[PDB]
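Enquirer: A single structure is presented below for examination.
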Amino acid sequence: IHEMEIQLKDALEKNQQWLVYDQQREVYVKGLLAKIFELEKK
Amino acid sequence: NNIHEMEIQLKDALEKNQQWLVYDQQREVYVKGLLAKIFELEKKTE
Amino acid sequence: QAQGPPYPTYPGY
């Protein structure tokens, strides 16, 4: 069918987006954790 | 069947995207905690 | 090809 052919790439496209977003978010979270480490040094 | 290979395929992707959503939602909760800690520390150290 | 998260739960949650 073609409703699921669409559903499939919709799902796969969204998945690749998650991977991209995740690595961006992880850089952001590491930054917050690093800032806390620095602030704790004081 | 090609139809079955595509559906097994869709189910896998949907599951993985739902897992990513759960994971990211938990990260967002964790982030709120980090931001609160930073705010507290910044006023404590001035 | 599709990938899920590194862990089922986010570290620290």
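Scheme for the structure tokens: letters A, B, ... for chains in order shown; per-chain residue numbers from 1; ligand numbers from 1 in order shown.
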Need to verify the contact set: residue 8 of chain C, 10 Å, only C-alpha atoms, exclusion of same-chain residues closer than 3 positions in sequence. Can you return it as an mmCIF file with N, CA, C and O atoms, in the first residue's frame?

Expert:
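Okay, this is what ended up in out.cif:
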data_model
loop_
_atom_site.group_PDB
_atom_site.id
_atom_site.type_symbol
_atom_site.label_atom_id
_atom_site.label_comp_id
_atom_site.auth_asym_id
_atom_site.auth_seq_id
_atom_site.Cartn_x
_atom_site.Cartn_y
_atom_site.Cartn_z
ATOM 1 N N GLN B 19 11.069 5.481 21.677
ATOM 2 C CA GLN B 19 12.109 5.311 22.687
ATOM 3 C C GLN B 19 12.903 6.618 22.783
ATOM 4 O O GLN B 19 13.240 7.068 23.878
ATOM 5 N N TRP B 20 13.201 7.221 21.633
ATOM 6 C CA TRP B 20 13.948 8.478 21.614
ATOM 7 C C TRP B 20 13.169 9.561 22.350
ATOM 8 O O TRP B 20 13.749 10.353 23.092
ATOM 9 N N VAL B 22 10.949 9.189 24.780
ATOM 10 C CA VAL B 22 10.981 8.912 26.215
ATOM 11 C C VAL B 22 12.322 9.378 26.791
ATOM 12 O O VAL B 22 12.379 10.062 27.812
ATOM 13 N N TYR B 23 13.395 8.998 26.113
ATOM 14 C CA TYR B 23 14.751 9.352 26.505
ATOM 15 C C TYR B 23 14.923 10.869 26.566
ATOM 16 O O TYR B 23 15.409 11.409 27.559
ATOM 17 N N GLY C 4 17.845 3.528 17.956
ATOM 18 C CA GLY C 4 17.153 4.011 19.135
ATOM 19 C C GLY C 4 18.192 4.707 19.992
ATOM 20 O O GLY C 4 19.347 4.787 19.590
ATOM 21 N N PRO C 5 17.815 5.234 21.168
ATOM 22 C CA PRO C 5 18.719 5.934 22.096
ATOM 23 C C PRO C 5 19.796 5.011 22.690
ATOM 24 O O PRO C 5 19.635 3.793 22.695
ATOM 25 N N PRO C 11 20.579 8.941 31.411
ATOM 26 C CA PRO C 11 21.479 8.931 32.564
ATOM 27 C C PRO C 11 21.203 10.097 33.489
ATOM 28 O O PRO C 11 21.230 11.255 33.073
#

Enquirer: Counting only C-alpha atoms, a student should be able to say which residues of chain B come within 9 Å of chain C; what is the right answer, written as an mmCIF file with C-alpha atoms, in the first residue's frame?

Expert:
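Output below, filename part-v4.cif:
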data_model
loop_
_atom_site.group_PDB
_atom_site.id
_atom_site.type_symbol
_atom_site.label_atom_id
_atom_site.label_comp_id
_atom_site.auth_asym_id
_atom_site.auth_seq_id
_atom_site.Cartn_x
_atom_site.Cartn_y
_atom_site.Cartn_z
ATOM 1 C CA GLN B 9 10.403 -2.063 9.197
ATOM 2 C CA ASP B 12 10.918 -1.001 14.269
ATOM 3 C CA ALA B 13 11.256 2.684 13.363
ATOM 4 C CA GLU B 15 9.380 1.871 18.337
ATOM 5 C CA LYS B 16 12.794 3.515 18.110
ATOM 6 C CA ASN B 17 11.308 7.003 17.672
ATOM 7 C CA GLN B 18 9.059 6.446 20.706
ATOM 8 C CA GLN B 19 12.109 5.311 22.687
ATOM 9 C CA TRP B 20 13.948 8.478 21.614
ATOM 10 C CA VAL B 22 10.981 8.912 26.215
ATOM 11 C CA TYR B 23 14.751 9.352 26.505
ATOM 12 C CA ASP B 24 14.621 13.014 25.455
ATOM 13 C CA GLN B 25 11.740 13.787 27.835
ATOM 14 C CA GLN B 26 13.802 12.365 30.696
ATOM 15 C CA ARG B 27 16.792 14.446 29.563
ATOM 16 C CA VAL B 29 13.652 16.757 33.273
ATOM 17 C CA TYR B 30 17.375 16.253 34.066
#

Enquirer: For chain A, report every residue with an atom at most 10 Å from chain C (counting only C-alpha atoms), formatted as a PyMOL selection string.

Expert: chain A and resi 11-16+18-19+22

Enquirer: Just to be explicit: take each residue in the selection above, keep N, CA and C atoms, and write the result as a short mmCIF file (atom, residue, chain, number, x, y, z; two decimals), in the first residue's frame.

Expert:
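As written to disk, selection13.cif reads:
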data_model
loop_
_atom_site.label_atom_id
_atom_site.label_comp_id
_atom_site.auth_asym_id
_atom_site.auth_seq_id
_atom_site.Cartn_x
_atom_site.Cartn_y
_atom_site.Cartn_z
N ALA A 11 8.64 7.85 9.36
CA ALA A 11 9.24 7.30 10.57
C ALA A 11 10.77 7.29 10.52
N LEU A 12 11.33 6.91 9.37
CA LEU A 12 12.78 6.86 9.20
C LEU A 12 13.43 8.23 9.12
N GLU A 13 12.71 9.18 8.54
CA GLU A 13 13.23 10.54 8.42
C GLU A 13 13.31 11.16 9.81
N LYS A 14 12.27 10.92 10.59
CA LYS A 14 12.17 11.42 11.94
C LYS A 14 13.27 10.79 12.80
N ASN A 15 13.58 9.53 12.53
CA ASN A 15 14.61 8.83 13.30
C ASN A 15 15.99 9.46 13.09
N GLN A 16 16.34 9.74 11.84
CA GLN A 16 17.63 10.35 11.54
C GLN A 16 17.69 11.72 12.20
N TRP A 18 16.31 12.49 15.02
CA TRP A 18 16.58 12.27 16.43
C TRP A 18 18.07 12.14 16.70
N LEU A 19 18.78 11.45 15.81
CA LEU A 19 20.22 11.25 15.96
C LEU A 19 20.99 12.56 15.93
N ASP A 22 20.02 14.61 19.09
CA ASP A 22 20.64 14.05 20.27
C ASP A 22 22.09 14.50 20.46
#

Enquirer: With only C-alpha atoms as the counted atoms, please give the residues lying no more than 12 Å from residue 28 of chain A, apart from itself and same-chain residues fewer than 5 positions off, as a PDB file with N, CA, C and O atoms, in the first residue's frame.

Expert:
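Contents of the output file out.pdb:
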ATOM      1  N   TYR A  21      19.694  15.626  16.462  1.00  0.00           N
ATOM      2  CA  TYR A  21      19.277  16.399  17.626  1.00  0.00           C
ATOM      3  C   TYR A  21      19.965  15.920  18.900  1.00  0.00           C
ATOM      4  O   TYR A  21      20.438  16.722  19.702  1.00  0.00           O
ATOM      5  N   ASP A  22      20.015  14.607  19.088  1.00  0.00           N
ATOM      6  CA  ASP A  22      20.645  14.046  20.275  1.00  0.00           C
ATOM      7  C   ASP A  22      22.090  14.504  20.461  1.00  0.00           C
ATOM      8  O   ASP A  22      22.466  14.943  21.545  1.00  0.00           O
ATOM      9  N   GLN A  23      22.909  14.424  19.416  1.00  0.00           N
ATOM     10  CA  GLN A  23      24.301  14.831  19.578  1.00  0.00           C
ATOM     11  C   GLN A  23      24.407  16.317  19.905  1.00  0.00           C
ATOM     12  O   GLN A  23      25.307  16.725  20.643  1.00  0.00           O
ATOM     13  N   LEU A  33      26.790  20.596  32.704  1.00  0.00           N
ATOM     14  CA  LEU A  33      27.501  19.843  33.739  1.00  0.00           C
ATOM     15  C   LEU A  33      28.897  20.421  33.997  1.00  0.00           C
ATOM     16  O   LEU A  33      29.372  20.430  35.133  1.00  0.00           O
ATOM     17  N   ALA A  34      29.553  20.895  32.945  1.00  0.00           N
ATOM     18  CA  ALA A  34      30.889  21.467  33.071  1.00  0.00           C
ATOM     19  C   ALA A  34      30.810  22.781  33.837  1.00  0.00           C
ATOM     20  O   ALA A  34      31.674  23.083  34.657  1.00  0.00           O
ATOM     21  N   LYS A  35      29.770  23.560  33.562  1.00  0.00           N
ATOM     22  CA  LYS A  35      29.578  24.836  34.241  1.00  0.00           C
ATOM     23  C   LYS A  35      29.368  24.573  35.739  1.00  0.00           C
ATOM     24  O   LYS A  35      29.924  25.267  36.588  1.00  0.00           O
TER      25      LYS A  35
ATOM     26  N   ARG B  27      15.667  13.516  29.613  1.00  0.00           N
ATOM     27  CA  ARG B  27      16.792  14.446  29.563  1.00  0.00           C
ATOM     28  C   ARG B  27      16.296  15.847  29.913  1.00  0.00           C
ATOM     29  O   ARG B  27      16.951  16.586  30.649  1.00  0.00           O
ATOM     30  N   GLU B  28      15.135  16.219  29.384  1.00  0.00           N
ATOM     31  CA  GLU B  28      14.580  17.539  29.669  1.00  0.00           C
ATOM     32  C   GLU B  28      14.326  17.724  31.169  1.00  0.00           C
ATOM     33  O   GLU B  28      14.539  18.802  31.718  1.00  0.00           O
ATOM     34  N   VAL B  31      17.695  18.226  32.687  1.00  0.00           N
ATOM     35  CA  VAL B  31      18.186  19.568  32.360  1.00  0.00           C
ATOM     36  C   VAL B  31      17.599  20.625  33.291  1.00  0.00           C
ATOM     37  O   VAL B  31      18.305  21.543  33.713  1.00  0.00           O
ATOM     38  N   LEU B  34      19.643  20.595  36.281  1.00  0.00           N
ATOM     39  CA  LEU B  34      20.953  21.210  36.092  1.00  0.00           C
ATOM     40  C   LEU B  34      20.836  22.724  36.123  1.00  0.00           C
ATOM     41  O   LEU B  34      21.634  23.398  36.769  1.00  0.00           O
ATOM     42  N   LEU B  35      19.843  23.255  35.412  1.00  0.00           N
ATOM     43  CA  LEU B  35      19.638  24.701  35.367  1.00  0.00           C
ATOM     44  C   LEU B  35      19.333  25.283  36.743  1.00  0.00           C
ATOM     45  O   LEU B  35      19.764  26.393  37.055  1.00  0.00           O
TER      46      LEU B  35
END

Enquirer: Can you tell me how far atom CA of residue 7 of chain A sits from atom CA of residue 25 of chain A, in Å to one decimal?

Expert: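 Computing it gives 26.3 Å between the two atoms.
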